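Engineer: Provided herewith is a single structure, encoded as structure tokens, for subsequent inquiry.
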Amino acid sequence: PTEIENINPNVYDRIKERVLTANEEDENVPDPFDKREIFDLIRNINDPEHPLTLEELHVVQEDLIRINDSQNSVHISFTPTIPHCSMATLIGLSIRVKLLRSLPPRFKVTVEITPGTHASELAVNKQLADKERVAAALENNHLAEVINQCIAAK
Amino acid sequence: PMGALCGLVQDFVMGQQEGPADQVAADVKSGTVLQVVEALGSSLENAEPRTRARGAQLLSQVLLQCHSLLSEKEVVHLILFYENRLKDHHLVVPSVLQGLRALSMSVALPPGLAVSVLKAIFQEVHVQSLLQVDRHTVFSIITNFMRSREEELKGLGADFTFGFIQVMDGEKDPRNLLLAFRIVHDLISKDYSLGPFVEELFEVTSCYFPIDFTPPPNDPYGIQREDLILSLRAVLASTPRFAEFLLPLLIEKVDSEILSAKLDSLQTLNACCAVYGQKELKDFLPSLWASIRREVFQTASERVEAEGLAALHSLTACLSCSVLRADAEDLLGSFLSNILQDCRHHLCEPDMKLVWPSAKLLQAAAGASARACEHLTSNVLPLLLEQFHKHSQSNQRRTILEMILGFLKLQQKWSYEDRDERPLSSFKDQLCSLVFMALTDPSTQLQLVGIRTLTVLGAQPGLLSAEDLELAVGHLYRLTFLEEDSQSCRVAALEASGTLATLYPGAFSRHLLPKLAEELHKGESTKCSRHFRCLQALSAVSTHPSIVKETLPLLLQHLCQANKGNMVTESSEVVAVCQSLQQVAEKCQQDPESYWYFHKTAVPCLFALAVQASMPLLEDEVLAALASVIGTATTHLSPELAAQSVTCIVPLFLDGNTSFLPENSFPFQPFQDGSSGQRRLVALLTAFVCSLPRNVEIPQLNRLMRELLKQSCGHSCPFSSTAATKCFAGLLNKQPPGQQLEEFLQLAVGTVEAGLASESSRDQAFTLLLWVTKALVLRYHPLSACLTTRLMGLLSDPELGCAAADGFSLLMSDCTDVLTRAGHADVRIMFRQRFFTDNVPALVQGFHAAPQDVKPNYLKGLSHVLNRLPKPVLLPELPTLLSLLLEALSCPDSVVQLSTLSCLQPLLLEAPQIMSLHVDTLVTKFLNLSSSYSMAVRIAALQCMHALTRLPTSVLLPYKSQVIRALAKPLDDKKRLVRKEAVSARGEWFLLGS
Amino acid sequence: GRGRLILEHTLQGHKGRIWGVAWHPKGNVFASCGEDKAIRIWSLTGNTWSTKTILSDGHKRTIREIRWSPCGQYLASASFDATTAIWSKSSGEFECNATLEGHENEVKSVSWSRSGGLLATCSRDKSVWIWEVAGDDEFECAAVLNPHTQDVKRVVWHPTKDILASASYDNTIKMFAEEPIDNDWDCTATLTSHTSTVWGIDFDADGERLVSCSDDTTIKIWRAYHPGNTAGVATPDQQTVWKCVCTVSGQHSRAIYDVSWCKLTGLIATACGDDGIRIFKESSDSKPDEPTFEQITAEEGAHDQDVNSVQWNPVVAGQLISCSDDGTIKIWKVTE
């Protein structure tokens, strides 16, 4: 819960970017995969219905991403806009397609709805975890076209 | 013959018109007019209207070709006949008016006849009922008489303009509309007598106004919209006789919600203000500004905004000129205050969205006349100052100041008198407090705006309090010292430091130079960024000659205090001192005395160097930056001062004379001894002698170059020998084509080939060859033809082959130290084209006819050329050359790999049809290189794999499958950036097909 | 483990992911399907495996599974284009003679009965179709069943009898038997122990047991209990009931997409999403009511991506084949 006499307009202000890690990577030393790199892969994915990114709508957040480079595991928790949003599966699917194209095949990606943030979270998580149904969905030309529109970088 | 003439008639009437049209004209050209009009009279006397109309049209077609060559006794008769036939005939009139147009183009007619010619046509024929083409003929008859006989048409009085008023009442065609506008404009331009018809004349023109259109059947033929809108501006703005009529129309138009209209009305208003004045707009002057202000707030079109602000400008300008005209009373300066009072409450309003456009308006009216702004600023400033102190928020204070800033600039723009300074003095001390407030605020933006105002108040001719200068300088030092801020605030303060320094140099010698002198020895006895601040601070203030006379000894003293203590070890910080000196010399080249003083301390600079050789400290490379500093001193030099310093420097190297330099160095032969120290010092000569004006007038060029050649290769030093070649070539390039230059070349090719003969020092001879061929290449001197094709042979030599590649690479790039466009070294821009053309046959032929072992040396050279010429010329030779550029990627050298990749990347996006023919070998080479040891190489290779997507889908599709599989490996690359590039590349490769 | 799994061959014929592989009943030929919409028939000549025929244009979308008829004559392919193609070598070359349509969505699985006259398909439309084969090239639908509430993943016929088993996205397995008086198909029993999608199923040699692998990272052994059974298990209905008598857990990191039970050795192989192939053998002293299965050998890095299918060889004991999303087909030889 949050107070009514106290409201913090600063959240509008809180969105920022910092992509300066080059010095550490300048040498020949390997650079582990981290939360920041995955977040940079999904923060600018466009919402299917609105002219804003998943980051601007707080659908994806850096601290909702868990990753272990050595154990080849990536977990993404995304909060769809409103609990009865019928686009939750589409949004998570665009996240999957982006990570599927951008991540090494050794990485096992899990994309789930943030717990308690959607009425049908169990059913959506089950669809996104079924690799056969995800593949069959990508063979839908209209669906793949909308996904490509969300994944496009501009 | 009359039989032939009668026949031509009948043939025309029967429909064989074209032959007779020209054949009757031919009979006219040779033969008579009266015979043909009598033959045609019979055919025209026939009862059928088409039998009259056809005859008349073939009469006019004749009269049009005959033109001038017509008797006065014929012109009268013809015009009379035409009048009678037009009076009697219906739908025959078009043929008649074409003949009247023909008759209006002759000049041998009586005065009364000419006047009646048109008077009768507009009293008889109704223009609106007539066809578009025929209306064009009627209008052109007018314009004809409006050219041939003005005195008659003017003598007709105002009833001519009235008659024309009715002919042009209703006319929709654009083609004639421009004609009608011309007639109106000429009725105004020439002093044609307009009677009570001023109203009537404006009435017809006024109605048409904004609508713009294009015609579907004839689009380019149909003269476009802006053509018509401009012709109307011309007529509606030609007279102030239209004022009491046009201004109410334009206001009517501006207040209408159609945007195209809103525009044309202000564009016209601006054109009117060029020929209006005080009285014509006086009655409607209050209403007009309400409309201008209106649209400056409301409108979203910035071109509307701009034109309306231009309107308020030209308006107040028109009112400021008439303050001198009206000797009795001025009702013009009252309008300015009527604006002020109407937006005072709007500015005072705490809302910041409303405040900016009204300030834009006040600035537009102020920047119209010095008289206007001296009223406006003096009235506006106290309100802006009051509102500055009322608002405690930062962004508000920044905007308020940015608004004040404009007014201040405008004050400096026109007024130069002591009059505008008098009310400004009342606000002077109040303004400074705002400037210093903007500098103290933690805002970066507010600071920058304060700096912007500081320079503007500094620019001011009007006197300012001395204390403020003391304060301001202190503030500037605080802003140049603090680094917790973003770099921008620092640079802004440094630039302003120089700007104000040229105005008031005492202020910076009083409150900045001592502070920095103290800070110098406070770090002399984390450390580098502290040094940067003050060194650059002394560099940036070095704008006034007095300051230069102070900052130079301080920097040289810091340089001669660096060798005594522990500062020589840090070669980086010594380089920084030189960098600042080079920047001061760079500033001194403006004022002649300034660079004269700097050059007389270029001497102690070389002294501090000679001493370094006399002892047995500075790092070998630090010297090069010192030499670049010396070079910046030498250029821009008085020819007499140049001779003076040459006769001090050249003596020192050549004979060891150190007379000019101070005694401490005396405790010396660089040329014939063999001592390493003195040989190192040659590179300062490279900077000097080779950075002199074209008219060098050197005293002993022959001996110096003679010594240089032996020094260049005989010593065989790692870098000292090269400095000699660098210098020799630097001076050789600059040398004019005198009978000496060829001797210098004889000695150059001599020592070169001689060193190439001896086993012991091939590289020394090679470097000299390189620099000599370069100097002659940038000159396009014929001997470079041989020497470059000498370096062509050396590509096959095992010892020097890699050195031959290095040489080609050097020839391909401009270098800072030797020969520069601003270093007074002669160069022509087109050398890459000239060099490339010669190179391709030699290198391509050499590559194919080269043995397996020393075959890739030729490609290394070709690449160092091709990639360094990213030019148009690379495209037309690409079909032959790309085959090699692809095999250039397979070279093991990382520099070659990088250069060839960097060059190939845009080619894919500029000329893809030529590239798409080599896709298989393109993708194979790129994917091979996206897995090399070098990080940068992999990044480039991936960017080219990402660029390959730009080619047509058709050629890419058979590769998508294999490509994606391969691109999986770089996704798991050790470095972060190579993963970023793989992300982009693969992502694009996935969207290839749908 | 005491046992070892040895890689014999690696084949990279397809472009993209490879979904299914299937042994010819003679064990000297196998087929493979994948994302490339093509079927490849692989024959063994000497010591080298090679593609003898390539089948294209048979399906417009991805081919999920292919299954050989008990006769070496015909091949069936289930694809995402809602069709099931039947291939036959009537012209001396394999051609598509018949096409089975009817499913509304993508067809996930095919299977042939032991006799070879019954063919079963299942799709994402939650349905299971059963077809009859009158003569060559002709097929007649016997029944359309909609018992499953979700996507049906696999269909497998009984080795000894004409019983059909189906695994579904609804976490359940369903048995199908034909009713004696009317000769109409109906659902026999429902097996509910998995907590997530059941991907694969396979019968024991005799057919009284069944493996099932699931998305819950576990495999389960099901035992058929007839009415009047010796155990204390009672059947309220006349039909036989199946019971989860064993659950192997903690052995797999991710979803298990396929499982194969060899009819020659009794070994069980699993194809997991952690790129690992695991071999299980029943213990010597395992009880028929609480069997214990132990992992004798495994190759955790069997593929570079998810292992989609594993199939034992019906003729050669201990020879396993597998395919994966890395685009590779691997033939293995296990030695206990």
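In the structure tokens, chains take the letters A, B, ... in the order shown, each chain's residues start at 1, and ligands count up from 1 in the order shown.
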I need the contact residues of chain C against chain B, so if you could list those with any atom within 12 Å, counting only C-alpha atoms, and return them as a PyMOL selection string, that would help.
Structural biologist: chain C and resi 14-17+35-36+304+325-327
Engineer: Those same residues, written as an mmCIF file, in the first residue's frame with N, CA, C and O atoms?
Structural biologist:
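As a result, out-v3.cif now contains:
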```cif
data_model
loop_
_atom_site.group_PDB
_atom_site.id
_atom_site.type_symbol
_atom_site.label_atom_id
_atom_site.label_comp_id
_atom_site.auth_asym_id
_atom_site.auth_seq_id
_atom_site.Cartn_x
_atom_site.Cartn_y
_atom_site.Cartn_z
ATOM 1 N N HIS C 14 19.240 -32.089 -42.609
ATOM 2 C CA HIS C 14 18.227 -31.047 -42.655
ATOM 3 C C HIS C 14 18.837 -29.679 -42.394
ATOM 4 O O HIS C 14 19.949 -29.543 -41.883
ATOM 5 N N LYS C 15 18.070 -28.651 -42.738
ATOM 6 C CA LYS C 15 18.415 -27.259 -42.446
ATOM 7 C C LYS C 15 17.418 -26.730 -41.420
ATOM 8 O O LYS C 15 16.233 -26.558 -41.727
ATOM 9 N N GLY C 16 17.893 -26.484 -40.206
ATOM 10 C CA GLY C 16 17.035 -26.067 -39.121
ATOM 11 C C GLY C 16 16.861 -27.168 -38.099
ATOM 12 O O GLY C 16 17.622 -28.135 -38.042
ATOM 13 N N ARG C 17 15.829 -27.015 -37.279
ATOM 14 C CA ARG C 17 15.539 -28.000 -36.247
ATOM 15 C C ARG C 17 14.970 -29.279 -36.854
ATOM 16 O O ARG C 17 14.315 -29.261 -37.898
ATOM 17 N N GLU C 35 11.868 -28.853 -39.615
ATOM 18 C CA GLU C 35 11.306 -27.540 -39.901
ATOM 19 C C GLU C 35 11.367 -27.200 -41.385
ATOM 20 O O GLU C 35 10.549 -26.403 -41.862
ATOM 21 N N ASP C 36 12.314 -27.784 -42.123
ATOM 22 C CA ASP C 36 12.523 -27.507 -43.538
ATOM 23 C C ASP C 36 11.369 -28.096 -44.433
ATOM 24 O O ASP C 36 11.506 -28.041 -45.664
ATOM 25 N N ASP C 304 23.732 -30.078 -28.880
ATOM 26 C CA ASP C 304 23.975 -28.691 -28.513
ATOM 27 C C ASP C 304 22.695 -27.945 -28.171
ATOM 28 O O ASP C 304 22.761 -26.870 -27.558
ATOM 29 N N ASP C 325 17.213 -29.856 -31.900
ATOM 30 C CA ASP C 325 17.088 -28.521 -32.476
ATOM 31 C C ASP C 325 18.406 -27.975 -33.005
ATOM 32 O O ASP C 325 18.394 -26.917 -33.644
ATOM 33 N N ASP C 326 19.542 -28.619 -32.718
ATOM 34 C CA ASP C 326 20.809 -28.199 -33.311
ATOM 35 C C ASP C 326 20.954 -28.649 -34.767
ATOM 36 O O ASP C 326 21.977 -28.339 -35.397
ATOM 37 N N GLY C 327 19.958 -29.344 -35.320
ATOM 38 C CA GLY C 327 20.021 -29.802 -36.699
ATOM 39 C C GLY C 327 20.860 -31.037 -36.929
ATOM 40 O O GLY C 327 21.376 -31.226 -38.033
#
```
Engineer: Report as a PyMOL selection string the set of chain C residues whose atoms approach chain A to within 8 Å, with distances computed over only C-alpha atoms.
Structural biologist: chain C and resi 61+80+106+304-305
Engineer: Filtering to C-alpha atoms, could you give me those residues as a compact mmCIF listing (two decimals), in the first residue's frame?
Structural biologist:
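Saved file selection_12.txt follows:
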```txt
# COMPACT_ATOMS: atom_id res chain seq x y z
CA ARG C 61 4.32 -26.33 -42.93
CA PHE C 80 1.37 -28.36 -39.03
CA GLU C 106 -1.70 -28.54 -36.62
CA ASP C 304 23.98 -28.69 -28.51
CA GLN C 305 20.25 -27.90 -28.19
```
Engineer: Skip residue C:81 itself and residues of its chain fewer than 3 positions away, then list as a ChimeraX atom specification all residues within 12 Å of it, counting only C-alpha atoms.
Structural biologist: /A:136,139-140 /C:37,57-64,77-78,84-85,99-108,123-124
Engineer: Restrict the selected residues to N, CA, C and O atoms and save them as a short mmCIF file (atom, residue, chain, number, x, y, z; two decimals), in the first residue's frame.
Structural biologist:
```
data_model
loop_
_atom_site.label_atom_id
_atom_site.label_comp_id
_atom_site.auth_asym_id
_atom_site.auth_seq_id
_atom_site.Cartn_x
_atom_site.Cartn_y
_atom_site.Cartn_z
N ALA A 136 4.96 -23.24 -33.49
CA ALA A 136 3.79 -23.21 -34.37
C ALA A 136 3.21 -21.81 -34.46
O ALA A 136 2.69 -21.42 -35.51
N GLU A 139 4.97 -19.70 -37.00
CA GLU A 139 4.63 -19.96 -38.40
C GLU A 139 3.35 -19.26 -38.87
O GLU A 139 3.00 -19.38 -40.05
N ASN A 140 2.65 -18.53 -38.00
CA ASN A 140 1.54 -17.65 -38.37
C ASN A 140 2.10 -16.33 -38.91
O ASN A 140 2.73 -15.57 -38.17
N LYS C 37 10.30 -28.65 -43.87
CA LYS C 37 9.16 -29.17 -44.62
C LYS C 37 9.56 -30.31 -45.54
O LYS C 37 8.96 -30.51 -46.60
N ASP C 57 7.75 -30.82 -51.07
CA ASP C 57 6.42 -30.39 -51.48
C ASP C 57 5.30 -31.26 -50.88
O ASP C 57 4.12 -31.02 -51.18
N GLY C 58 5.61 -32.23 -50.01
CA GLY C 58 4.55 -33.01 -49.39
C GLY C 58 3.76 -32.24 -48.35
O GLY C 58 2.56 -32.51 -48.15
N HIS C 59 4.41 -31.31 -47.65
CA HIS C 59 3.76 -30.49 -46.64
C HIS C 59 4.16 -29.03 -46.81
O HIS C 59 5.31 -28.72 -47.15
N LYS C 60 3.20 -28.12 -46.60
CA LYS C 60 3.50 -26.70 -46.67
C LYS C 60 4.11 -26.15 -45.38
O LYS C 60 4.87 -25.17 -45.44
N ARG C 61 3.84 -26.76 -44.24
CA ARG C 61 4.32 -26.33 -42.93
C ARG C 61 5.23 -27.40 -42.31
O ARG C 61 5.56 -28.41 -42.94
N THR C 62 5.64 -27.16 -41.07
CA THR C 62 6.59 -28.06 -40.43
C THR C 62 6.01 -29.45 -40.25
O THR C 62 4.85 -29.62 -39.88
N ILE C 63 6.85 -30.45 -40.51
CA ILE C 63 6.49 -31.84 -40.32
C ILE C 63 6.97 -32.24 -38.94
O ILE C 63 8.18 -32.26 -38.68
N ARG C 64 6.03 -32.60 -38.06
CA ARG C 64 6.35 -32.85 -36.65
C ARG C 64 6.81 -34.28 -36.40
O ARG C 64 7.71 -34.51 -35.58
N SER C 77 3.18 -38.99 -42.35
CA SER C 77 3.81 -37.77 -41.88
C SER C 77 2.69 -36.90 -41.34
O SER C 77 1.70 -36.66 -42.03
N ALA C 78 2.87 -36.40 -40.11
CA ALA C 78 1.96 -35.44 -39.49
C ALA C 78 2.56 -34.05 -39.59
O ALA C 78 3.72 -33.85 -39.24
N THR C 84 -2.10 -35.07 -42.84
CA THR C 84 -1.26 -36.25 -42.61
C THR C 84 -1.03 -36.99 -43.92
O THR C 84 -1.95 -37.62 -44.45
N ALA C 85 0.16 -36.87 -44.49
CA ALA C 85 0.42 -37.46 -45.80
C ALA C 85 0.84 -38.93 -45.67
O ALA C 85 1.45 -39.33 -44.68
N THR C 99 -3.78 -38.18 -48.69
CA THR C 99 -3.66 -37.10 -47.71
C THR C 99 -4.88 -37.17 -46.81
O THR C 99 -6.01 -37.19 -47.31
N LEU C 100 -4.64 -37.19 -45.50
CA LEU C 100 -5.69 -37.28 -44.49
C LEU C 100 -5.92 -35.89 -43.92
O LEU C 100 -5.06 -35.34 -43.22
N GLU C 101 -7.06 -35.32 -44.27
CA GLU C 101 -7.49 -34.02 -43.78
C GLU C 101 -8.66 -34.19 -42.82
O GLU C 101 -9.28 -35.25 -42.74
N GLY C 102 -8.93 -33.13 -42.07
CA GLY C 102 -10.04 -33.14 -41.14
C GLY C 102 -9.74 -32.37 -39.88
O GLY C 102 -10.61 -31.71 -39.32
N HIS C 103 -8.48 -32.43 -39.46
CA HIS C 103 -8.09 -31.71 -38.26
C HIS C 103 -8.20 -30.21 -38.48
O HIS C 103 -7.91 -29.71 -39.56
N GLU C 104 -8.66 -29.48 -37.46
CA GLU C 104 -8.78 -28.04 -37.69
C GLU C 104 -7.42 -27.35 -37.58
O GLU C 104 -7.21 -26.33 -38.23
N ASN C 105 -6.52 -27.84 -36.70
CA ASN C 105 -5.24 -27.17 -36.49
C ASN C 105 -4.07 -28.09 -36.82
O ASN C 105 -4.23 -29.06 -37.56
N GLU C 106 -2.90 -27.78 -36.29
CA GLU C 106 -1.70 -28.54 -36.62
C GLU C 106 -1.77 -29.97 -36.09
O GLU C 106 -2.17 -30.21 -34.95
N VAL C 107 -1.40 -30.93 -36.94
CA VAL C 107 -1.34 -32.33 -36.55
C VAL C 107 -0.01 -32.58 -35.82
O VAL C 107 1.07 -32.33 -36.36
N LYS C 108 -0.10 -33.13 -34.61
CA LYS C 108 1.08 -33.32 -33.77
C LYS C 108 1.67 -34.71 -33.88
O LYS C 108 2.88 -34.86 -33.70
N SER C 123 -4.12 -33.75 -32.92
CA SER C 123 -3.83 -32.38 -33.35
C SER C 123 -3.95 -31.42 -32.17
O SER C 123 -4.24 -31.82 -31.03
N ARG C 124 -3.71 -30.14 -32.44
CA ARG C 124 -3.91 -29.09 -31.45
C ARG C 124 -5.38 -28.78 -31.21
O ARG C 124 -5.70 -28.07 -30.25
#
```
Engineer: Kindly provide the residues of chain B that approach chain A to within 6 Å, each paired with its closest atom pair and their distance in Å to one decimal, based on only C-alpha atoms, listed by chain and increasing number, as JSON lines.
Structural biologist:
```
{"residue": "B:971", "atom": "CA", "partner": "A:104", "partner_atom": "CA", "distance": 5.5}
{"residue": "B:972", "atom": "CA", "partner": "A:104", "partner_atom": "CA", "distance": 5.8}
{"residue": "B:974", "atom": "CA", "partner": "A:30", "partner_atom": "CA", "distance": 4.2}
{"residue": "B:975", "atom": "CA", "partner": "A:31", "partner_atom": "CA", "distance": 5.4}
{"residue": "B:976", "atom": "CA", "partner": "A:31", "partner_atom": "CA", "distance": 6.0}
{"residue": "B:983", "atom": "CA", "partner": "A:102", "partner_atom": "CA", "distance": 4.9}
```
Engineer: One decimal, in Å: what's the spacing between atom CA of residue B:331 and atom CA of residue B:372?
Structural biologist: 13.2 Å
Engineer: Could you name the residues that touch stretch 896-903 of chain B at 10 Å or less, counting only C-alpha atoms, but leaving out those on the same chain fewer than 5 positions away, as JSON, numbers by chain?
Structural biologist: {"B": [859, 860, 861, 862, 863, 864, 865, 866, 867, 868, 869, 870, 885, 886, 887, 888, 889, 890, 891, 908, 925, 926, 929, 934, 936, 937, 938, 939, 940, 941, 942, 943, 944]}
Engineer: Please provide as an MDAnalysis selection string all residues within 12 Å of residue B:577, with the sequence filter that same-chain residues fewer than 6 positions apart are discarded (counting only C-alpha atoms).
Structural biologist: chainID B and resid 520 528 531:539 552 554:562 567:568 570:571 583:584 605 622:623 625:626 629
Engineer: Could those residues be written to a file, using C-alpha atoms, as a compact mmCIF listing (two decimals), in the first residue's frame?
Structural biologist:
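That gives us out.txt:
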```
# COMPACT_ATOMS: atom_id res chain seq x y z
CA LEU B 520 51.16 26.15 -11.18
CA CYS B 528 47.14 15.26 -14.42
CA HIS B 531 47.30 20.20 -14.38
CA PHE B 532 44.98 20.19 -17.43
CA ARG B 533 42.63 22.78 -15.89
CA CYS B 534 45.20 25.53 -15.32
CA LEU B 535 47.25 24.84 -18.46
CA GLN B 536 44.14 25.15 -20.61
CA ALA B 537 43.04 28.10 -18.48
CA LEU B 538 46.20 30.01 -19.39
CA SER B 539 45.85 28.93 -23.01
CA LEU B 552 54.48 33.10 -22.14
CA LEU B 554 55.08 31.66 -17.02
CA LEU B 555 54.74 28.65 -19.34
CA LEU B 556 58.41 28.66 -20.30
CA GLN B 557 59.35 29.00 -16.61
CA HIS B 558 57.14 26.02 -15.86
CA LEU B 559 58.96 24.17 -18.63
CA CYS B 560 62.41 25.05 -17.23
CA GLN B 561 61.26 24.08 -13.74
CA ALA B 562 60.08 20.68 -15.02
CA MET B 567 58.42 16.60 -13.76
CA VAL B 568 60.67 15.44 -16.63
CA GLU B 570 56.11 12.42 -16.59
CA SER B 571 56.48 12.88 -20.35
CA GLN B 583 47.72 26.79 -28.64
CA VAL B 584 49.03 30.18 -27.59
CA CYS B 605 62.53 26.96 -26.37
CA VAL B 622 57.73 14.45 -26.35
CA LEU B 623 60.09 16.20 -28.79
CA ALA B 625 54.95 17.79 -29.83
CA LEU B 626 57.55 20.44 -29.06
CA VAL B 629 54.69 23.91 -31.27
```
Engineer: Which residue out of C:134, C:76, C:221, C:71 has the minimum interatomic distance to residue C:116 when only C-alpha atoms are used?
Structural biologist: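 Looking only at the distances to residue C:116, the closest residue turns out to be C:71.
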